[PDB]
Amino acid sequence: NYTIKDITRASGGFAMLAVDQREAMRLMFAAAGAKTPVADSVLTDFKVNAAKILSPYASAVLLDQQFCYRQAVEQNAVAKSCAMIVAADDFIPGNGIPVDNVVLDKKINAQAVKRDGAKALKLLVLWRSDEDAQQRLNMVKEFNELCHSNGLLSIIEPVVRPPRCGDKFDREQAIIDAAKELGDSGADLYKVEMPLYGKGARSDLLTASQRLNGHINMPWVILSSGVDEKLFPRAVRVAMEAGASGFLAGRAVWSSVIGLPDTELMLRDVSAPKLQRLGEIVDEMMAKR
């Protein structure tokens, strides 16, 4: 039975790296001027290099079976100090985007990924105001049972989207409504979008983060999608002041080096200092408790 201590820093803070992005990462390579079509091997090589170079600074790394889990294990890319999280979400494209719908990946063999050293699984939950709450709660319950019956931690990631029908979309209220619905759903860790995209006055960001904290009844961390990499360190500090326990971040660490020459040099010189600073901020905030 793994527990939360297995994916945290010695301080108890979460300083976790995400490299599990799938077709969304292929689109990032194309947008940064990579030769199209972008081969699967370009994603695999980047993900394994990111794990190899950045996992020494992370309490856990989130890997996907589609492009990098098997390769990261076989190549010993993950530092012994860094726990493995395996994505258990099956992304369904639609309406011109890579992740229009998400279901539990029926191909994940929890016992097999546990034998390979995984300590946790992760599930994206898309949240829309006009889709049924009970279907989301049932998917989270099935996911929690898959994790807990195999001694793995469950990490859920509710992400808000506009309604299927209608034009009433308040992103800030949707994040609160998702937390009211799923913040006490029996997962081990809640991974949430940062209120206000981490923008604006620190005082308003803290108020919005404290409002969110009040609806989450498990440890929670922020993800970086939608937050400028320069504002993500402040977002971690403010979220943790509000009651968060750290971060699970991808884009705010490595997005800026996609398409630059000398990938391994760029991950070490550009990405690693950003991940190191985020880990130091987590320890500073945990020390204040």
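Note that residue numbering begins at 1 and tracks the sequence as displayed.
Between the stretches 29-37 and 240-248, it is 29-37 that shows the larger average CA temperature factor. Relative to its counterpart among 113-121 and 85-93, 113-121 has the higher mean temperature factor, C-alpha atoms as listed in the PDB entry.
Highest C-alpha temperature factor among 143, 190, 127, 169 per the entry: 169. Of the candidates 100, 177, 157, 132, the one whose C-alpha carries the top B factor in the deposited record is 132.
Placement of the Cα temperature factor of residue 163 within the chain: middle third of the modelled residues, per the deposited record.
In the deposited entry, the Cα temperature factor of residue 233 places it in the lowest third of its chain's modelled residues.
In this PDB entry, the Cα temperature factor of residue 56 sits in the middle third of its chain's modelled residues. Sorting the modelled residues of the chain by their CA temperature factor places residue 46 in the middle third. Among all modelled residues in this chain, the alpha-carbon of residue 7 has a temperature factor (C-alpha) in the middle third.
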